[PDB]
Amino acid sequence: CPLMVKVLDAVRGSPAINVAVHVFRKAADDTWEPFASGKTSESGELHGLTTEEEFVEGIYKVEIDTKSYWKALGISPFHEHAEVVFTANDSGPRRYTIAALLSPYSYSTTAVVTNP
Amino acid sequence: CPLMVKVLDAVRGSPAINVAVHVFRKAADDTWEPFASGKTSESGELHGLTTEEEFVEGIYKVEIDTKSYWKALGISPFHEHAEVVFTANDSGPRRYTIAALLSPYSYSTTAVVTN
Amino acid sequence: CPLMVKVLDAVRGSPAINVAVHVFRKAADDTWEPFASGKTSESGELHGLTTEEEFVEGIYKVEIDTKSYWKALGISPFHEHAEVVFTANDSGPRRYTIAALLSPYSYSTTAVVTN
Amino acid sequence: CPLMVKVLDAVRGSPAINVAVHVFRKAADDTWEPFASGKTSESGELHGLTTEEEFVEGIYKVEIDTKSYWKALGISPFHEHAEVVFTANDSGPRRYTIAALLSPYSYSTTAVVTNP
Ligand SMILES: CC1=C(CC(=O)O)c2cc(F)ccc2/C1=C\c1ccc([S@](C)=O)cc1
Ligand SMILES: CC1=C(CC(=O)O)c2cc(F)ccc2/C1=C\c1ccc([S@](C)=O)cc1
C-alpha cells in the first residue's frame, strides 16, 4: 500500500472517523485530475487508495474534507479542507503516509516516507 | 488590516523570512482568482494584503511557497506549498491571522480570529 | 524582555486568555525553583516575566496551566499542564518567545529565538 | 498494551528511532516515582512499558528525551525533553497512545485514548 492517510481528532483524543479524502494528480495540461478517494475507517486510517503500478511519478494533492467532519460534530470550523500537495515517486517508488491532526481552527499534516 | 499572515520555522526557531505568499478568492465559476500576494518580512509577517472594503465574504486560499523557502536553506522538503482554504465571514470576529509553522516534512496552520 | 510567552486556543481560534504560567529555574541540587509567573493577557501574551540581568544561562521550565483553562471553558482536557524545558544560552539569539497552541487532547510548543 | 508511545521526526519524514522515554507516576508524598522506561523501535513505537494491573489510577509524566535524539543527528535543539503529564484511569481502565512529532525548535504531543 503506497499511499496512506491517518487522521486524528485533537478535541476528542480519538481517530477522526468517516473523514472524506479526495486525491488528485497534476495532468500534463496542468489541471488537477481525480486520482482516488475514500473515507477513514473506525481507526482513522484510509488504505487501498491506489496500487504501486498506478501511483506513478507526479504532483499529488490530498484533500482532507475537514469542514464536513466538524459540522457533523456540531462545530463550525475555520478551514474548508486540508490540502497536502507534494511530488511523489520522483526518485523511484516510495510509500507515503499522510498524517493529519485536526482542531476546529488548526490542523497539522506530516508525511512519513519510507523506502520499501 | 483584515488579513495577516505569520510564518515560523521549526528547524531554526526563527521567523520564516522572505516566504512568498499568494492569496486567491474563489470566483463564481469555482476557479481561483489571484487576490493579493507578498513576501514575509524579517519578523516572518505579511501585512497590507487587502483592505476591509475589498475583503468581502467568500472562500479564500492562502498559498505559502514553502518548497522555495527550504530549497534556499539547502533542505529537501516534502510539500510543494502550504495551502490554507477558508470562508471569510462578516458575523464573528473580523481580523484574520493565518499562522503557519514549517518543518521540512510537516506543517501546521492555525487561524486567529479576533475583535 | 528576554522571555515572552504566547498561547493560542485551537478550538476557538483565539488567544488563550487568563492562562496561568509558572516559570522555574533548575537549582544546583536539581530541584525546580520558582522564578516568575503571570497570566496571559487578552492577546494571549505574557510579558515582563524577567529581566536580562536576572535571566542568566541555566535550565528553565515554563509550565502552562492548560487544565484550568479548559475546565473554565467546560471542556474536558487530557493534560495536567503543558511543560516547556530548555537551556537558556548567551551565545545565539537572546529574545526567547515560547509559543504554545492548545487543543483539549493535544498541544504544540515552539521556540522563537531572535536577535 | 495500555500505554503506547509513538514518535515521528518532522525533519526527516520518518519515525524517530531509538528515542529514550521515561515514565513517572506521582506518589502519595507528591514526588515523581520511576514507573517504566524504554526506547522507540525502528517504527518509532514503544510498547510493553506496563501492564493493565500495574497501570493504576494516577498522575503520570511521560518524558521523551528529545535533546539526546537531536544531538546524535548533529542538530542542537531547543528543548531538553518533551514532558507529557496527565491523569490516567480516573474513570476506569483506558488505553493511551502518546503521539509526538519532533522538530529541532518545536514539538507537538497528542493523546489517543480508547476504551477497551
Ligand atoms: C506519532 C504520530 C502519529 C502516528 C499514529 O498516530 O499512528 C500521528 C497520526 C496522525 F494522524 C496525526 C499525528 C500523529 C503523530 C504525532 C503528532 C503529529 C502532529 C501534531 S500537531 C503538529 O499538533 C502532534 C502530534
Ligand atoms: C502562539 C503562537 C504564534 C504567535 C506568535 O508567536 O506570534 C504562532 C505563529 C506561527 F506562525 C506559528 C505558530 C504559532 C504559535 C503556536 C504554535 C502553533 C502551531 C504549532 S504546531 C501545531 O507544532 C505549535 C505552536
# chains A, B, ... in the order shown; residues from 1 in each chain; ligands from 1
>>> residues_around(residues="residue 22 (chain C)", least_positions_apart="6", cutoff="6 Å", atoms="only C-alpha atoms", output="CSV table (one decimal) with N, CA and C atoms, in the first residue's frame")
chain,number,residue,atom,x,y,z
C,37,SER,N,6.1,34.2,37.3
C,37,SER,CA,4.8,33.7,36.9
C,37,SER,C,3.9,34.9,36.5
C,62,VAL,N,9.0,26.2,31.7
C,62,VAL,CA,7.8,27.0,31.6
C,62,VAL,C,6.6,26.1,31.7
C,63,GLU,N,5.8,26.3,32.7
C,63,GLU,CA,4.6,25.5,33.0
C,63,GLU,C,3.4,26.3,32.7
>>> residues_near_ligand(ligand="ligand 1", cutoff="6 Å", atoms="only C-alpha atoms and all ligand atoms", output="PyMOL selection string")
(chain A and resi 6-8+99-101+108) or (chain B and resi 108) or (chain C and resi 107-108) or (chain D and resi 6-8+99-101+108-110)
>>> closest_residue(among="A:92, A:2, A:34, A:77", to="chain B", atoms="only C-alpha atoms")
A:77
>>> calpha_fit_and_write(fixed="chain A", moving="chain D", output="compact mmCIF listing (two decimals) with N, CA and C atoms, in the first residue's frame")
# COMPACT_ATOMS: atom_id res chain seq x y z
N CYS D 1 0.84 -1.24 0.00
CA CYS D 1 0.00 0.00 0.00
C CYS D 1 0.86 1.27 0.00
N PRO D 2 0.99 1.92 -1.17
CA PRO D 2 1.94 3.03 -1.34
C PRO D 2 1.47 4.40 -0.85
N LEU D 3 0.16 4.58 -0.68
CA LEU D 3 -0.40 5.86 -0.19
C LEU D 3 -1.45 5.59 0.88
N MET D 4 -1.04 6.12 2.06
CA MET D 4 -1.59 6.03 3.43
C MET D 4 -2.30 7.39 3.84
N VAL D 5 -3.53 7.38 4.41
CA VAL D 5 -3.88 8.58 5.20
C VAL D 5 -4.31 8.18 6.62
N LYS D 6 -3.82 8.92 7.61
CA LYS D 6 -4.23 8.72 9.01
C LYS D 6 -4.60 10.05 9.65
N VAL D 7 -5.81 10.10 10.22
CA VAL D 7 -6.38 11.35 10.76
C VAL D 7 -6.77 11.18 12.23
N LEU D 8 -6.34 12.14 13.06
CA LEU D 8 -6.71 12.18 14.46
C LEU D 8 -7.51 13.44 14.77
N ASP D 9 -8.29 13.36 15.84
CA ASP D 9 -9.15 14.44 16.31
C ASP D 9 -8.58 14.92 17.64
N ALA D 10 -8.04 16.14 17.66
CA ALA D 10 -7.34 16.69 18.83
C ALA D 10 -8.28 17.21 19.93
N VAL D 11 -9.58 17.28 19.62
CA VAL D 11 -10.61 17.67 20.58
C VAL D 11 -11.10 16.47 21.40
N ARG D 12 -11.29 15.34 20.71
CA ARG D 12 -11.84 14.13 21.32
C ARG D 12 -10.77 13.12 21.73
N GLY D 13 -9.52 13.35 21.33
CA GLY D 13 -8.41 12.40 21.61
C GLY D 13 -8.71 11.02 21.04
N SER D 14 -9.14 11.02 19.78
CA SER D 14 -9.55 9.81 19.12
C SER D 14 -9.15 9.85 17.64
N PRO D 15 -9.22 8.71 16.95
CA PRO D 15 -9.17 8.81 15.50
C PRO D 15 -10.34 9.62 14.96
N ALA D 16 -10.13 10.27 13.82
CA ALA D 16 -11.18 11.01 13.13
C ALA D 16 -11.83 10.06 12.11
N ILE D 17 -13.05 9.63 12.41
CA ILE D 17 -13.74 8.55 11.69
C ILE D 17 -14.62 9.14 10.58
N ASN D 18 -14.75 8.41 9.48
CA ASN D 18 -15.57 8.79 8.31
C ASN D 18 -15.19 10.15 7.71
N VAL D 19 -13.89 10.46 7.72
CA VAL D 19 -13.40 11.69 7.11
C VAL D 19 -13.23 11.41 5.62
N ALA D 20 -13.90 12.20 4.77
CA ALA D 20 -13.77 12.01 3.33
C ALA D 20 -12.41 12.55 2.86
N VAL D 21 -11.77 11.84 1.92
CA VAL D 21 -10.46 12.22 1.39
C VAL D 21 -10.49 12.07 -0.14
N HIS D 22 -10.07 13.12 -0.85
CA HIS D 22 -10.01 13.10 -2.31
C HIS D 22 -8.58 13.36 -2.75
N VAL D 23 -8.06 12.48 -3.61
CA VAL D 23 -6.71 12.60 -4.12
C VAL D 23 -6.78 12.99 -5.59
N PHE D 24 -5.94 13.95 -5.96
CA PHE D 24 -5.81 14.42 -7.34
C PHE D 24 -4.35 14.36 -7.77
N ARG D 25 -4.14 14.24 -9.09
CA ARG D 25 -2.81 14.25 -9.68
C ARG D 25 -2.75 15.30 -10.79
N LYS D 26 -1.65 16.07 -10.81
CA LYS D 26 -1.48 17.11 -11.82
C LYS D 26 -1.26 16.49 -13.21
N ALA D 27 -2.16 16.81 -14.13
CA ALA D 27 -2.08 16.31 -15.51
C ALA D 27 -1.06 17.11 -16.33
N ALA D 28 -0.74 16.61 -17.52
CA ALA D 28 0.22 17.27 -18.42
C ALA D 28 -0.21 18.69 -18.81
N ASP D 29 -1.52 18.93 -18.86
CA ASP D 29 -2.09 20.25 -19.15
C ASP D 29 -2.20 21.15 -17.91
N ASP D 30 -1.54 20.74 -16.82
CA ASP D 30 -1.55 21.45 -15.53
C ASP D 30 -2.87 21.54 -14.76
N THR D 31 -3.84 20.70 -15.10
CA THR D 31 -5.08 20.61 -14.32
C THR D 31 -5.02 19.46 -13.30
N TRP D 32 -5.79 19.58 -12.21
CA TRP D 32 -5.93 18.50 -11.23
C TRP D 32 -6.93 17.44 -11.67
N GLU D 33 -6.42 16.28 -12.07
CA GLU D 33 -7.28 15.15 -12.41
C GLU D 33 -7.57 14.31 -11.17
N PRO D 34 -8.83 13.88 -10.99
CA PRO D 34 -9.19 12.95 -9.92
C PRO D 34 -8.33 11.70 -9.99
N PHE D 35 -7.79 11.29 -8.85
CA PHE D 35 -6.88 10.14 -8.81
C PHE D 35 -7.44 8.98 -7.99
N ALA D 36 -8.01 9.29 -6.83
CA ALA D 36 -8.55 8.28 -5.93
C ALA D 36 -9.33 8.98 -4.82
N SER D 37 -10.24 8.27 -4.17
CA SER D 37 -10.90 8.84 -2.98
C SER D 37 -11.38 7.77 -2.04
N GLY D 38 -11.79 8.20 -0.85
CA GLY D 38 -12.24 7.26 0.16
C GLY D 38 -12.58 7.97 1.47
N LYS D 39 -12.77 7.17 2.51
CA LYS D 39 -13.16 7.66 3.82
C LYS D 39 -12.37 6.92 4.89
N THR D 40 -11.97 7.64 5.95
CA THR D 40 -11.24 6.99 7.04
C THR D 40 -12.15 6.01 7.76
N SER D 41 -11.54 4.96 8.30
CA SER D 41 -12.25 3.91 9.00
C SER D 41 -12.37 4.28 10.49
N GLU D 42 -12.93 3.34 11.25
CA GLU D 42 -13.02 3.42 12.71
C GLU D 42 -11.67 3.76 13.36
N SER D 43 -10.58 3.32 12.72
CA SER D 43 -9.23 3.58 13.25
C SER D 43 -8.62 4.92 12.79
N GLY D 44 -9.37 5.66 11.98
CA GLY D 44 -8.93 6.94 11.44
C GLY D 44 -8.00 6.79 10.25
N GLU D 45 -7.91 5.57 9.72
CA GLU D 45 -6.99 5.26 8.61
C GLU D 45 -7.70 5.00 7.29
N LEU D 46 -7.01 5.32 6.20
CA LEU D 46 -7.53 5.09 4.86
C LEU D 46 -6.46 4.38 4.04
N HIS D 47 -6.78 3.16 3.63
CA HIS D 47 -5.87 2.30 2.89
C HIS D 47 -6.50 2.00 1.55
N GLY D 48 -5.72 1.40 0.66
CA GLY D 48 -6.23 0.91 -0.62
C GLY D 48 -6.64 1.98 -1.61
N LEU D 49 -6.11 3.19 -1.46
CA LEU D 49 -6.42 4.26 -2.41
C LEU D 49 -5.91 3.94 -3.81
N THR D 50 -4.71 3.37 -3.89
CA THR D 50 -4.03 3.13 -5.17
C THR D 50 -3.11 1.89 -5.13
N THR D 51 -2.46 1.60 -6.25
CA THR D 51 -1.53 0.47 -6.35
C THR D 51 -0.19 1.06 -6.74
N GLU D 52 0.89 0.31 -6.52
CA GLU D 52 2.22 0.77 -6.94
C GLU D 52 2.19 1.12 -8.42
N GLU D 53 1.61 0.24 -9.22
CA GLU D 53 1.54 0.43 -10.68
C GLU D 53 0.87 1.74 -11.07
N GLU D 54 -0.26 2.04 -10.45
CA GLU D 54 -1.00 3.26 -10.80
C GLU D 54 -0.43 4.53 -10.19
N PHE D 55 0.32 4.38 -9.10
CA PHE D 55 0.89 5.50 -8.35
C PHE D 55 2.24 5.93 -8.94
N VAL D 56 2.19 6.56 -10.11
CA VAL D 56 3.40 6.92 -10.87
C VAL D 56 3.98 8.22 -10.34
N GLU D 57 5.12 8.65 -10.88
CA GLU D 57 5.69 9.95 -10.53
C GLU D 57 4.66 11.02 -10.85
N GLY D 58 4.60 12.03 -10.00
CA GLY D 58 3.76 13.18 -10.28
C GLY D 58 3.60 14.09 -9.11
N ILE D 59 2.82 15.14 -9.31
CA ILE D 59 2.47 16.04 -8.21
C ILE D 59 1.05 15.68 -7.81
N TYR D 60 0.89 15.38 -6.53
CA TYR D 60 -0.39 14.89 -5.99
C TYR D 60 -0.95 15.89 -4.99
N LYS D 61 -2.27 15.99 -4.94
CA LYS D 61 -2.98 16.79 -3.93
C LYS D 61 -3.90 15.87 -3.15
N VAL D 62 -3.66 15.77 -1.85
CA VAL D 62 -4.56 15.05 -0.95
C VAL D 62 -5.42 16.09 -0.24
N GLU D 63 -6.71 16.04 -0.54
CA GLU D 63 -7.70 16.92 0.05
C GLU D 63 -8.35 16.13 1.17
N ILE D 64 -8.31 16.67 2.39
CA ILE D 64 -8.99 16.06 3.53
C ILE D 64 -10.19 16.93 3.89
N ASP D 65 -11.38 16.36 3.83
CA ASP D 65 -12.61 17.15 3.98
C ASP D 65 -12.98 17.43 5.44
N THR D 66 -12.20 18.32 6.05
CA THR D 66 -12.30 18.63 7.47
C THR D 66 -13.59 19.37 7.85
N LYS D 67 -14.06 20.29 7.00
CA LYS D 67 -15.24 21.09 7.35
C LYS D 67 -16.48 20.20 7.57
N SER D 68 -16.70 19.25 6.66
CA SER D 68 -17.82 18.30 6.80
C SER D 68 -17.71 17.43 8.05
N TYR D 69 -16.50 16.96 8.33
CA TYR D 69 -16.23 16.23 9.58
C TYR D 69 -16.66 17.01 10.82
N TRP D 70 -16.23 18.27 10.93
CA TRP D 70 -16.51 19.08 12.12
C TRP D 70 -17.99 19.46 12.27
N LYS D 71 -18.61 19.81 11.15
CA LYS D 71 -20.02 20.20 11.10
C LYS D 71 -20.90 19.13 11.74
N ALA D 72 -20.68 17.88 11.34
CA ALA D 72 -21.43 16.73 11.86
C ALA D 72 -21.27 16.56 13.37
N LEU D 73 -20.17 17.06 13.91
CA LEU D 73 -19.99 17.08 15.36
C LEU D 73 -20.48 18.39 16.03
N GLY D 74 -21.18 19.23 15.26
CA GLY D 74 -21.83 20.45 15.76
C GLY D 74 -20.88 21.61 15.99
N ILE D 75 -19.70 21.52 15.37
CA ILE D 75 -18.66 22.53 15.49
C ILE D 75 -18.56 23.23 14.14
N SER D 76 -18.43 24.55 14.18
CA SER D 76 -18.21 25.35 12.97
C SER D 76 -16.72 25.65 12.83
N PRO D 77 -16.01 24.91 11.94
CA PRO D 77 -14.57 25.03 11.88
C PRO D 77 -14.12 26.20 10.99
N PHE D 78 -12.84 26.50 11.00
CA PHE D 78 -12.32 27.60 10.19
C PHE D 78 -12.11 27.19 8.73
N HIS D 79 -11.41 26.07 8.52
CA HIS D 79 -10.96 25.67 7.17
C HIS D 79 -12.01 24.92 6.37
N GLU D 80 -11.96 25.09 5.05
CA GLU D 80 -12.83 24.34 4.15
C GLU D 80 -12.36 22.87 4.12
N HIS D 81 -11.06 22.70 3.94
CA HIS D 81 -10.44 21.39 3.98
C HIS D 81 -8.95 21.57 4.21
N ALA D 82 -8.25 20.48 4.49
CA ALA D 82 -6.80 20.49 4.44
C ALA D 82 -6.38 20.00 3.05
N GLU D 83 -5.46 20.71 2.40
CA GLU D 83 -4.85 20.17 1.18
C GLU D 83 -3.35 20.01 1.29
N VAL D 84 -2.89 18.78 1.03
CA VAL D 84 -1.50 18.40 1.14
C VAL D 84 -0.99 18.16 -0.30
N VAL D 85 -0.05 18.97 -0.75
CA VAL D 85 0.41 18.92 -2.15
C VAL D 85 1.89 18.58 -2.19
N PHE D 86 2.24 17.55 -2.95
CA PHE D 86 3.60 17.03 -2.94
C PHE D 86 3.97 16.28 -4.20
N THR D 87 5.26 16.28 -4.51
CA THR D 87 5.81 15.43 -5.55
C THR D 87 6.05 14.06 -4.96
N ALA D 88 5.58 13.03 -5.67
CA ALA D 88 5.72 11.65 -5.24
C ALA D 88 6.49 10.84 -6.26
N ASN D 89 7.34 9.93 -5.79
CA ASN D 89 7.99 8.88 -6.62
C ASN D 89 8.99 9.44 -7.65
N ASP D 90 9.49 10.64 -7.36
CA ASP D 90 10.40 11.38 -8.22
C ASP D 90 11.85 10.92 -8.07
N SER D 91 12.07 9.90 -7.22
CA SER D 91 13.36 9.21 -7.10
C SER D 91 13.13 7.70 -6.99
N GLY D 92 12.16 7.18 -7.74
CA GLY D 92 11.74 5.80 -7.59
C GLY D 92 10.57 5.67 -6.63
N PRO D 93 9.94 4.48 -6.59
CA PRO D 93 8.76 4.26 -5.76
C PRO D 93 9.04 4.42 -4.26
N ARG D 94 8.17 5.17 -3.58
CA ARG D 94 8.16 5.23 -2.11
C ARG D 94 6.77 4.90 -1.56
N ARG D 95 6.72 4.65 -0.25
CA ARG D 95 5.46 4.52 0.48
C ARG D 95 5.22 5.80 1.30
N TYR D 96 4.02 6.37 1.18
CA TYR D 96 3.70 7.62 1.83
C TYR D 96 2.57 7.43 2.81
N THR D 97 2.77 7.92 4.03
CA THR D 97 1.69 8.13 4.97
C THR D 97 1.49 9.62 5.19
N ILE D 98 0.28 10.09 4.88
CA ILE D 98 -0.10 11.45 5.19
C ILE D 98 -0.84 11.42 6.53
N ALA D 99 -0.25 12.02 7.55
CA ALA D 99 -0.83 12.05 8.90
C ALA D 99 -1.35 13.44 9.17
N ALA D 100 -2.61 13.54 9.60
CA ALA D 100 -3.21 14.83 9.89
C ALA D 100 -3.76 14.85 11.31
N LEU D 101 -3.58 15.98 11.98
CA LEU D 101 -4.18 16.18 13.29
C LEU D 101 -5.13 17.37 13.20
N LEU D 102 -6.38 17.18 13.60
CA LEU D 102 -7.43 18.19 13.41
C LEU D 102 -7.93 18.85 14.70
N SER D 103 -7.92 20.19 14.71
CA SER D 103 -8.73 21.01 15.65
C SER D 103 -9.63 21.92 14.83
N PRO D 104 -10.67 22.52 15.47
CA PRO D 104 -11.62 23.36 14.72
C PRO D 104 -10.98 24.55 13.99
N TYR D 105 -9.95 25.15 14.58
CA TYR D 105 -9.28 26.30 13.96
C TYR D 105 -7.81 26.06 13.60
N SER D 106 -7.40 24.79 13.57
CA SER D 106 -6.00 24.45 13.34
C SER D 106 -5.87 23.04 12.80
N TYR D 107 -4.91 22.84 11.91
CA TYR D 107 -4.53 21.48 11.58
C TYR D 107 -3.06 21.37 11.27
N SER D 108 -2.52 20.17 11.49
CA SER D 108 -1.15 19.88 11.11
C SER D 108 -1.17 18.69 10.19
N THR D 109 -0.15 18.58 9.34
CA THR D 109 -0.01 17.45 8.47
C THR D 109 1.45 17.11 8.40
N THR D 110 1.74 15.82 8.55
CA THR D 110 3.09 15.32 8.47
C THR D 110 3.12 14.18 7.48
N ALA D 111 4.25 14.04 6.79
CA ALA D 111 4.45 12.94 5.86
C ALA D 111 5.48 11.98 6.43
N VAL D 112 5.18 10.69 6.32
CA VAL D 112 6.11 9.64 6.65
C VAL D 112 6.38 8.90 5.34
N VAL D 113 7.64 8.96 4.92
CA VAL D 113 8.06 8.45 3.61
C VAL D 113 9.09 7.36 3.84
N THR D 114 8.77 6.15 3.38
CA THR D 114 9.64 5.01 3.58
C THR D 114 9.99 4.36 2.24
N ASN D 115 11.18 3.77 2.19
CA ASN D 115 11.67 3.08 1.00
C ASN D 115 11.53 1.57 1.15
N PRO D 116 10.58 0.96 0.41
CA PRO D 116 10.32 -0.48 0.52
C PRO D 116 11.34 -1.32 -0.24
>>> residues_near_ligand(ligand="ligand 2", cutoff="7 Å", atoms="only C-alpha atoms and all ligand atoms", output="ChimeraX atom specification")
/A:107-108 /B:6-8,99-101,108-110 /C:6-8,97,99-101,108-110 /D:106-108
>>> write_last_selection(atoms="N, CA, C and O atoms", output="compact mmCIF listing (two decimals), in the first residue's frame")
# COMPACT_ATOMS: atom_id res chain seq x y z
N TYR A 107 -4.91 22.84 11.91
CA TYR A 107 -4.53 21.48 11.58
C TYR A 107 -3.06 21.37 11.27
O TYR A 107 -2.40 22.33 10.87
N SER A 108 -2.52 20.17 11.49
CA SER A 108 -1.15 19.88 11.11
C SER A 108 -1.17 18.69 10.19
O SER A 108 -2.10 17.88 10.22
N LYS B 6 1.43 35.05 9.43
CA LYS B 6 2.67 34.90 10.17
C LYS B 6 3.22 33.50 9.95
O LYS B 6 2.48 32.52 10.03
N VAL B 7 4.50 33.42 9.63
CA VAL B 7 5.16 32.14 9.32
C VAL B 7 6.40 31.97 10.18
O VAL B 7 7.23 32.90 10.28
N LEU B 8 6.50 30.80 10.82
CA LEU B 8 7.63 30.43 11.68
C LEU B 8 8.35 29.20 11.15
O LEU B 8 7.76 28.37 10.47
N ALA B 99 -1.65 31.73 10.82
CA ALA B 99 -0.34 31.42 11.37
C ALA B 99 0.10 30.08 10.80
O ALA B 99 -0.72 29.20 10.62
N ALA B 100 1.38 29.94 10.47
CA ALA B 100 1.88 28.69 9.93
C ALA B 100 3.24 28.36 10.51
O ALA B 100 4.13 29.23 10.58
N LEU B 101 3.40 27.11 10.95
CA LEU B 101 4.68 26.61 11.44
C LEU B 101 5.25 25.59 10.47
O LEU B 101 4.60 24.59 10.19
N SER B 108 1.97 23.02 10.27
CA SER B 108 0.73 23.27 10.97
C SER B 108 0.26 24.67 10.62
O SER B 108 1.07 25.57 10.37
N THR B 109 -1.05 24.85 10.59
CA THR B 109 -1.62 26.17 10.36
C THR B 109 -2.74 26.43 11.33
O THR B 109 -3.53 25.54 11.62
N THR B 110 -2.78 27.64 11.86
CA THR B 110 -3.83 27.99 12.81
C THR B 110 -4.42 29.32 12.40
O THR B 110 -3.72 30.15 11.81
N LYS C 6 3.49 33.21 24.45
CA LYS C 6 2.25 33.43 23.72
C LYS C 6 1.48 32.12 23.63
O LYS C 6 2.05 31.07 23.32
N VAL C 7 0.19 32.19 23.95
CA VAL C 7 -0.66 30.99 23.98
C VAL C 7 -1.91 31.21 23.13
O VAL C 7 -2.57 32.26 23.25
N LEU C 8 -2.18 30.25 22.25
CA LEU C 8 -3.34 30.26 21.35
C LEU C 8 -4.26 29.08 21.61
O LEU C 8 -3.83 28.03 22.09
N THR C 97 10.84 33.65 22.69
CA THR C 97 9.40 33.57 22.72
C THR C 97 9.00 32.10 22.74
O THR C 97 9.34 31.33 21.84
N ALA C 99 6.01 29.82 22.31
CA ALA C 99 4.68 29.86 21.73
C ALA C 99 4.02 28.51 22.00
O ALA C 99 4.68 27.49 21.96
N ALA C 100 2.73 28.52 22.31
CA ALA C 100 2.02 27.27 22.58
C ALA C 100 0.63 27.30 21.96
O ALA C 100 -0.10 28.29 22.10
N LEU C 101 0.28 26.22 21.27
CA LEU C 101 -1.05 26.05 20.70
C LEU C 101 -1.80 24.95 21.43
O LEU C 101 -1.33 23.82 21.48
N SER C 108 1.02 21.90 21.01
CA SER C 108 2.29 22.10 20.35
C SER C 108 2.98 23.30 20.99
O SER C 108 2.32 24.24 21.45
N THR C 109 4.30 23.25 21.04
CA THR C 109 5.07 24.37 21.55
C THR C 109 6.24 24.65 20.63
O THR C 109 6.88 23.73 20.14
N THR C 110 6.48 25.92 20.38
CA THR C 110 7.59 26.30 19.51
C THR C 110 8.38 27.40 20.19
O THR C 110 7.82 28.18 20.96
N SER D 106 10.61 22.81 18.01
CA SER D 106 9.17 22.66 18.18
C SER D 106 8.80 21.21 18.40
O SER D 106 9.43 20.30 17.85
N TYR D 107 7.80 20.97 19.24
CA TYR D 107 7.21 19.65 19.28
C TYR D 107 5.73 19.72 19.58
O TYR D 107 5.23 20.66 20.20
N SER D 108 5.01 18.70 19.11
CA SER D 108 3.61 18.56 19.45
C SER D 108 3.41 17.21 20.09
O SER D 108 4.20 16.29 19.86
>>> atom_distance(atom1="CA of residue 35 (chain B)", atom2="CA of residue 83 (chain B)")
14.8 Å
>>> residues_around(residues="residue 1 (chain C)", least_positions_apart="6", cutoff="10 Å", atoms="only C-alpha atoms", output="VMD selection string")
chain C and resid 47 to 52 55 94 to 97
>>> select_by_dssp(residues="region 14-90 of chain A", states="alpha helix (DSSP H)", output="JSON, numbers by chain")
{"A": [66, 67, 68, 69, 70, 71, 72]}
>>> write_last_selection(atoms="N, CA and C atoms", output="PDB file, in the first residue's frame")
ATOM      1  N   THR A  66     -12.204  18.323   6.051  1.00  0.00           N
ATOM      2  CA  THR A  66     -12.303  18.630   7.468  1.00  0.00           C
ATOM      3  C   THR A  66     -13.588  19.371   7.851  1.00  0.00           C
ATOM      4  N   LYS A  67     -14.057  20.287   6.999  1.00  0.00           N
ATOM      5  CA  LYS A  67     -15.237  21.088   7.350  1.00  0.00           C
ATOM      6  C   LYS A  67     -16.476  20.202   7.567  1.00  0.00           C
ATOM      7  N   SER A  68     -16.704  19.246   6.662  1.00  0.00           N
ATOM      8  CA  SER A  68     -17.821  18.298   6.804  1.00  0.00           C
ATOM      9  C   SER A  68     -17.706  17.434   8.047  1.00  0.00           C
ATOM     10  N   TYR A  69     -16.496  16.956   8.333  1.00  0.00           N
ATOM     11  CA  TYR A  69     -16.226  16.234   9.576  1.00  0.00           C
ATOM     12  C   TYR A  69     -16.656  17.008  10.824  1.00  0.00           C
ATOM     13  N   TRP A  70     -16.230  18.267  10.931  1.00  0.00           N
ATOM     14  CA  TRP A  70     -16.511  19.079  12.116  1.00  0.00           C
ATOM     15  C   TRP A  70     -17.987  19.460  12.271  1.00  0.00           C
ATOM     16  N   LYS A  71     -18.609  19.810  11.148  1.00  0.00           N
ATOM     17  CA  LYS A  71     -20.016  20.201  11.102  1.00  0.00           C
ATOM     18  C   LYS A  71     -20.900  19.133  11.741  1.00  0.00           C
ATOM     19  N   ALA A  72     -20.681  17.882  11.339  1.00  0.00           N
ATOM     20  CA  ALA A  72     -21.430  16.732  11.861  1.00  0.00           C
ATOM     21  C   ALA A  72     -21.273  16.565  13.370  1.00  0.00           C
TER      22      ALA A  72
END
>>> residues_around(residues="residue 92 (chain C)", least_positions_apart="6", cutoff="12 Å", atoms="only C-alpha atoms", output="PyMOL selection string")
(chain B and resi 12-14) or (chain C and resi 57+112-115) or (chain D and resi 76+78)
